[PDB]
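One structure is given here, and the rest of the page talks about it.
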Amino acid sequence: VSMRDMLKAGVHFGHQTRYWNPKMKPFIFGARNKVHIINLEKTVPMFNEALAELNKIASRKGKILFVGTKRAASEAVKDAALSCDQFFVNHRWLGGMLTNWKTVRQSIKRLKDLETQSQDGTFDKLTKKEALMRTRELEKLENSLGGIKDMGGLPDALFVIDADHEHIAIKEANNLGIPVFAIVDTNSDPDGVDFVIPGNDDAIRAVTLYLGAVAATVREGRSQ
Amino acid sequence: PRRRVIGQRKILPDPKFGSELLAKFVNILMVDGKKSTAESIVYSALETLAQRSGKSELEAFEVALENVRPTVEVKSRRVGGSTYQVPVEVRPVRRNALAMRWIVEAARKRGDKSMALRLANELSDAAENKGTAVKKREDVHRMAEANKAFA
Amino acid sequence: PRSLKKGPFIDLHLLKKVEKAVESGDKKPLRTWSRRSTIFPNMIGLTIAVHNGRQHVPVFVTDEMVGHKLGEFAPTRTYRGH
Amino acid sequence: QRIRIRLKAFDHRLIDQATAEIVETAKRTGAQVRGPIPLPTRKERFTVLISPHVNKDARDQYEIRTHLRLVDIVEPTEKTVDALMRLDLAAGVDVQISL
Amino acid sequence: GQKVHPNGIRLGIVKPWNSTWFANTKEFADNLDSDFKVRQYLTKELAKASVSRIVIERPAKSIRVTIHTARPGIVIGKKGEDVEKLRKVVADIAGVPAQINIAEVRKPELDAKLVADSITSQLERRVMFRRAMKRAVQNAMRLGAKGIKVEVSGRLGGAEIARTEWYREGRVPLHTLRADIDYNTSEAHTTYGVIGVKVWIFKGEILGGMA
Amino acid sequence: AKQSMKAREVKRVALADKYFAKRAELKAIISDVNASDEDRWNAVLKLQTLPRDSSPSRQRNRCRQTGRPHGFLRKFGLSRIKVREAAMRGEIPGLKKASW
Amino acid sequence: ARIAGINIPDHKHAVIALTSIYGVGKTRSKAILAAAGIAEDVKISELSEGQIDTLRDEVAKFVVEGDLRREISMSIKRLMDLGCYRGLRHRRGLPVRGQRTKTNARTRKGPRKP
Amino acid sequence: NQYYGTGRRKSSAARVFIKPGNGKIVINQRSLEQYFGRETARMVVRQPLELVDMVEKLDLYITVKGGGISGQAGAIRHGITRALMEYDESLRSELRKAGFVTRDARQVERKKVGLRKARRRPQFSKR
RNA sequence: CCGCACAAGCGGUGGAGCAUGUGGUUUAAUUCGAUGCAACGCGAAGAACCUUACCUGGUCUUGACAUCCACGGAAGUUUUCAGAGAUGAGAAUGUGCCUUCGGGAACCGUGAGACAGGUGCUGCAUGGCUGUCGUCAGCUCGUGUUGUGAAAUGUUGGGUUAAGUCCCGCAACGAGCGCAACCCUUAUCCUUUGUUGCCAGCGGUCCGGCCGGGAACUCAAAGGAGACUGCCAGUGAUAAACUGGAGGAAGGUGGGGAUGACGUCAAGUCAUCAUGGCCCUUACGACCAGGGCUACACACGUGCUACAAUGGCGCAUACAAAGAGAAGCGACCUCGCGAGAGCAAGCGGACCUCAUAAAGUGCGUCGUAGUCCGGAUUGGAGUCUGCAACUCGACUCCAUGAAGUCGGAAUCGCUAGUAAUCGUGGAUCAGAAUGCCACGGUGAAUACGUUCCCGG
Ligand SMILES: [Mg+2]
Ligand SMILES: [Mg+2]
Ligand SMILES: [Mg+2]
Ligand SMILES: [Mg+2]
Ligand SMILES: [Mg+2]
Ligand SMILES: [Mg+2]
Ligand SMILES: [Mg+2]
Ligand SMILES: [Mg+2]
Ligand SMILES: [Mg+2]
Ligand SMILES: [Mg+2]
Ligand SMILES: [Mg+2]
Ligand SMILES: [Mg+2]
Ligand SMILES: [Mg+2]
Ligand SMILES: [Mg+2]
Ligand SMILES: [Mg+2]
Ligand SMILES: [Mg+2]
Ligand SMILES: [Mg+2]
Ligand SMILES: [Mg+2]
Ligand SMILES: [Mg+2]
Ligand SMILES: [Mg+2]
Ligand SMILES: [Mg+2]
Ligand SMILES: [Mg+2]
Ligand SMILES: [Zn+2]
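Residue numbers (PDB author numbering), protein chains in the order written: chain B, 4 to 227; chain G, 2 to 152; chain S, 2 to 83; chain J, 4 to 102; chain C, 2 to 212; chain N, 2 to 101; chain M, 2 to 115; chain I, 4 to 130.
Right under this line is the structure:
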């Protein structure tokens, strides 16, 4: 992504000067209208160097977890993961999604069992109310673990939108040593992101730019 | 009824007079589910109410009802912390129901050698504002108005 | 009450004893556990002890007593008030 | 001139299996079977205390539902009653063949 | 907090009876009296043959009793000569020509009777009850169960007080009628007294009634 | 209960059994009209001489399994107690808890 | 009227008026009436001597009034002096037909005591 | 053509013959009026026919054993309504808003253990 | 925040009579346990004998019941005397069977000890079973995270639900035992099915579905469909849900059951049984007869019937369901006022019988009274069952006609087919229901509310 490509999308935009985090000073161009302005001169090379690492991970058969819980951007992140055959979390992050992997696997098994059971049959054997209740549970599990049913094991890389909002995920990752790739607004604490991208995390246009560029490079890394 | 407000079930009207207020009235006169003997009494009373007490029986029924139905009530609660004789006003359905109660037991306290005779006689005397349950209706407006000092 | 068709009930050992007594003239007041049997015109001028649970109680049977059973003369309970 | 086969049992399952078997057997002899007639099942109720001592109020209620069926053949031919004597059934069922 | 016999309620639903003959009232009491007596005689006899289930069904002209055990050859002895003599003693104790037959059990640690009685036997061996019931549940769940519960009550290890305890593992849904819950009870006569043992095994759900 | 009672009952049954014919015919004689009015008399006399514990009314239903008189269920011939466990285990065929 | 009795029948239906006679219940009453063949609804009024005589004669057929009380009195009396058990209970004024002396025997017992 | 009443109710029993071209009611081979000694019964049964005002357009012949008077009356009322719908198919809404196809299931209660009556508890004495 | 907790109501209880339990006292003994809620129509689903364990007395000692050893006898039947019977005392009759001839089976008796026997003690030694809190919604764990750790979190908050029910918030995520639901039954429609059930349309009828005849309807019972907040609108974070509407037999877990978490009270039961331990053993064991449990100055609880014209009585006349039955249910006919009897049909029962529902309805009657209300109590005489109705049964008939005229303080139960009233059946049982458990008929009032009451 080129600085012009970002700037038109508005990547330079930030939170209010009232709400910023201390470690973000190096990445901040300045202030206008009491608004923090992010410096694309740092943003572009760091994003490119992160894309290099993401391409490397995906080119060694890496499993990638796209992470974002914004109600606006949930579907964008889900489609972003689907466009590169990867795994995602688009609904509220659940504590222990990575650290409590065994429980998630048991929940994955129940979701797999319910979908297999409906195809196999025995719903007719169940009472119509009972069969409907089983369908409701299957729908709820599909809404929740739709992205990670096929992750199989712990992912090899994480992509995070608004790292401050998803702070539990990054704490878990660091506890596991799983690398964190994150779009970091001025209000976030950048310590947990090993490849940090400072940029707007709310705006739909810039978020979609991040996701599309990452997914293009991930498909490229897969293709070899 | 701490969770739902429940009252009377939806009554069905007395067929031969098409109205339900009389159906409620006989549900007041009922004793041990013996509808038949009850409604017999209400009819045998409204008849001679019509004759010896001026015509239009289905109508004089309620004109007496008005002469006996009270307006002021008292629901003495611990609204101020203890027993205090508080005057209040109660919605009309409870009002006409209690009016029915007042007239019916008043009927049960006249004897008159016949039950329908008692009912008719007292209901007429009510339509004249000179009777038995009307005495305590004036008395209920004495009692609901006697200790209105503090609610 | 006993049905008329069956007739008055008496146990045979009382029959033996009373007929022996009558043929044998006045005899010792005979002893019995049978409150059941009824009084007959035979047992007249006799006296007889019936076993109340505590002890046998003598009764000089007379005529108007006929028909009634023995047990109506041996009160099987004691009481004097409080 | 008739052969009435009245069956009693304890579960509709076995009673109906037996009826099916016997009527198809009638169809083996070309009989004139009456398709099985369910009759009122009887319910023996039993209310019984459970606490050995003191608690009469505590109780339990069991019940025997004896199911009943009626089958008939209107033309008694030997070729029927032979197989009608070749019948094997579960111990749960009671049969009443009556000319 | 007293429960209800988990076997009884699931009768007809998923649990068949242990006696399937039919009769009228005239011959009813004595009928179950007879089959009770044969049950008792048998349970005295084959105590070493790991017997679990015993069902009496009586055809109109004969009676036939069936045995589910884990020690088939034991019951059969040789040429069923012990089986044949049992057939004789039952035919006379039932006063009807009998015909006994056995249907062994494959998962002896997976039915409630065998495990409960093994427990109570080891209890008579004065082994430690705790490790005992633990081995029980371990073998059970290991073998492929879905739930096991054991409960031992009364004067544990000879304690001068009745320390009733229990253990649960897996899943045992007691309020779900359609659930396959095998359940049984047995008893140990210690020097110090008598101690009760209850056992539940849940092999999962079945769908579609008794069939 | 006390096996004395169980044996007492079985003996009562044996008695009231063997004497059945004599009881029946003497019953006939006493009941029927046209008796000689002493044939009836001597008949009631000879009757009361028979073993007192030969009247069937002397018998008392007793739980066969536990020898208890109360709680008897004529249909199963058991106490109200023994029938319960006998059911829950599944011996009484077709028996089950009702709900209706 | 007198009707050969100390008591006088009330002015009511004949069956009610004649039940006033002691020892005469309803069955006995209508037995008298049909025995005289007199209707049921007549009062002691509207019934001249021509029928009163018939009534008196037909009722004199049954022991009534003073004679009856004496008879029952003698029954009870000889019961007591028989020394018979029920005669005893009559002397002690308690129920004689096998009721409860534990509780609620007050009918014969009478009023209450602490 | 043929339009029938046949009413059971809480295990009541009654049979009825409805037919266009004349209006009359006869019960149990007895005339309607002399049978249902309580008029309210003749009312509750005539109510659906009077509501549609077809009283004199089709006659009924009933005969009733099983159930009590009021139950039988309700049963034959519901049966009349069944038949009216059976007949014109047009009276669905009118009749339902009259509340006649309700088919109430208000039954008696299985008398429950330790209770004087079903839903009636013995008079326990605190004191 | 909940609960028939209060309020709102209906009906009671507390007064009377009686039935039943209990405690007290008496007794020869008045068997034993059950003791606030959660004992007191409780164990007992049924004490005349029996039961029965309790008293008086009569008895017995390897024994009433079991195994062993012997020794003898068929086994038995019928019959006599004494006795109150237990029992003794007999006399006759039979004296058999498999036997390879010894015996065995068979019982029966005698002896012999090993032994039986105990409703004797301890539910504070126990198992089992059960109540209770409470059908209350809770109770926990794995894993994770946090903390040095004890631990916390989950499970809290925001809502919402009958519900730890659901939803969002939420380092928790999941789960388990619960809740729910799978089970029964009930309310609507579809399957064969027509018998002993049915009778629409057909023919006859004696008018009786009775009889041809029908298979439709009712049913009967198998299998099924059906309701899901599914639909619309509102409300609400759009969340969950809630309100309303539509449709529909059925609407918001449709109704009612069954179903009782972890635990709580050394709760109850050693007299159901089982059982540690102690205690009895010519006796705390065993047998018989009679007696008691049914006792009268009392007290307490539970009930029944009442006190009346919404009534009583007569007359007619209606109007159900669910059951039971072969030492049984027992029709019809006769007899009896009746309780009943005789005769004897049918029925192991969709067939026959119990067994004709009562309240209702129609007419007349009574005129407000201790009454034609009430029926207690006594008198007299019967009936049935049962060896046997004195103690101490049920029922009929005649006669008698108490107290009672709505019941202090106090208190109870009930939210719909409920309450209240009316009958019906059953278990137990020779007989002995006002109890218990079911069945239907008729069929209400009221619930503003959560201030309080109590409890949670
Ligand atoms: Mg229970
Ligand atoms: Mg014993
Ligand atoms: Mg008896
Ligand atoms: Mg009389
Ligand atoms: Mg109130
Ligand atoms: Mg009282
Ligand atoms: Mg006692
Ligand atoms: Mg004791
Ligand atoms: Mg009770
Ligand atoms: Mg005795
Ligand atoms: Mg205890
Ligand atoms: Mg909350
Ligand atoms: Mg949470
Ligand atoms: Mg549930
Ligand atoms: Mg539903
Ligand atoms: Mg709706
Ligand atoms: Mg204790
Ligand atoms: Mg105790
Ligand atoms: Mg007693
Ligand atoms: Mg039957
Ligand atoms: Mg009277
Ligand atoms: Mg009812
Ligand atoms: Zn941001």
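By construction, the Cβ of each residue, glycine as well, lies at the ideal position given by its N, Cα and C atoms.
Identify each residue in the segment 16 to 42 of chain C for which the Cβ-Cβ distance to at least one residue of chain J is less than 7 Å, and report them in chain order.
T21, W22, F23
Boundaries (first-last residue) of the beta strand (DSSP E) holding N185 (chain C):
180 to 190
Please classify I39 (chain M): does DSSP put it in a helix, a strand, or coil?
coil
Of all the CB atoms in chain S, is at least one closer than 7 Å to the CB of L27 (chain N)?
The beta-carbon of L27 (chain N) is placed no less than 7 Å from the nearest beta-carbon of chain S.
With distances taken Cα to Cα, identify the nearest neighbour of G13 (chain B) among B:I111, B:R74, B:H39, B:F126.
Comparing Cα-Cα distances from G13 (chain B) to each of B:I111, B:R74, B:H39, B:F126, the minimum goes to B:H39.
Close Cβ partners of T84 (chain G) (< 8 Å) along its chain, the five nearest in sequence each way excluded
Around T84 (chain G), the same chain offers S77 as residues with beta carbons nearer than 8 Å, after the five sequence neighbours per side are excluded.
Is it right to say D15 (chain G) is buried, meaning 16 or more other beta carbons lie within 10 angstroms of its own, or is it exposed?
Sixteen is the threshold: when 16 or more other Cβ atoms of the shown chains lie within 10 Å of the Cβ of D15 (chain G), as they do, the residue is buried.
Bridge-paired residues (DSSP) for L31 (chain S)
S:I49
Closer than 7 Å, Cβ to any Cβ of chain I: which residues of the segment 3 to 25 of chain G, in chain order?
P16, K17
With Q64 (chain J) as the anchor, note down where its beta strand (DSSP E) starts and where it stops.
62 to 76
When you compare the segment 64 to 72 of chain I with the segment 32 to 44 of chain I, are there three or more beta-carbon pairs, one atom per stretch, that lie closer than 8 Å?
Touching, per the Cβ criterion.
With DSSP as the reference, label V52 (chain C) as helix, strand or coil.
strand
Kindly indicate which three-state DSSP category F203 (chain C) falls into: helix, strand or coil?
strand
As an exercise, report each continuous beta strand (DSSP E) stretch of at least 3 residues that is fully enclosed by the segment 5 to 49 of chain J, in chain order.
Runs of the beta strand (DSSP E) inside the segment 5 to 49 of chain J: 6 to 12.
How would you label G91 (chain N), buried or exposed, when you count the other beta carbons within 10 angstroms and need 16 or more for buried?
buried
Suppose you measure from the CA of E123 (chain G) to the CA of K25 (chain G); what does that come to, to the nearest Å?
Taking the straight line joining both Cα atoms gives about 19 Å.
Keeping to the same chain, check which residues put their C-beta closer than 6 Å to that of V141 (chain G); ignore five residues upstream and five downstream.
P71, listed in sequence order.
Would you check if there are 3 or more beta carbon pairs closer than 8 Å linking the segment 124 to 139 of chain G to the segment 27 to 39 of chain S?
No: fewer than three Cβ pairs fall under 8 Å.
Could you tell me which residues DSSP puts in a beta bridge with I41 (chain B)?
B:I31
With a threshold of 7 Å between beta carbons, is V96 (chain J) in contact with chain N?
no
Just the Cα atoms here: how many angstroms apart are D93 (chain C) and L43 (chain C)?
If you take the alpha carbons of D93 (chain C) and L43 (chain C), they lie about 13 Å apart.
Note down the Cα distance separating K120 (chain I) from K114 (chain I), rounded to an integer number of angstroms.
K120 (chain I) and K114 (chain I) have their C-alpha atoms some 6 Å from each other.
State the DSSP-derived secondary structure class of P42 (chain S), mapped to helix, strand or coil.
DSSP places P42 (chain S) in coil when its eight states are reduced to three.
Does any C-beta atom of chain N lie closer than 7 Å to the C-beta of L31 (chain S)?
For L31 (chain S), the answer is no, since every Cβ of chain N falls outside 7 Å of its Cβ.
Assuming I202 (chain C) and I149 (chain C) form a contact by the criterion Cβ under 8 Å, report the distance between their Cβ atoms to the nearest whole angstrom.
Rounded, the Cβ-Cβ distance is 6 Å, consistent with contact.
Determine the direct distance from the alpha carbon of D85 (chain J) to that of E58 (chain C), and round the result to whole angstroms.
26 Å
Could you work out which residues of chain G lie near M57 (chain I), taking near to mean beta carbons separated by less than 9 Å?
By Cβ distance, chain G contributes nothing, its closest Cβ being about 18 Å from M57 (chain I), past 9 Å.
Closest to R49 (chain I) by C-alpha separation, out of I:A17, I:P23, I:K27, I:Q37, would be which residue?
If we check each option's Cα against that of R49 (chain I), I:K27 comes out closest.
Taking the alpha-carbon of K13 (chain M) as reference, which of M:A36, M:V43, M:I7, M:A35 has the nearest alpha-carbon?
M:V43
Can you give me the C-alpha to C-alpha distance between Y44 (chain G) and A101 (chain I), rounded to a whole angstrom?
26 Å
Using 7 Å as the threshold, is the C-beta distance between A79 (chain B) and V221 (chain B) below it?
Contact flag unset, no.
Is the distance from the Cβ of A61 (chain G) to the Cβ of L50 (chain G) below 7 Å?
yes
Where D31 (chain C) and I31 (chain N) are concerned, what is the direct C-alpha to C-alpha distance, given to the nearest angstrom?
35 Å
Determine the burial state of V111 (chain I): buried for a count of at least 16 other Cβ atoms within 10 Å of its Cβ, exposed for fewer.
exposed
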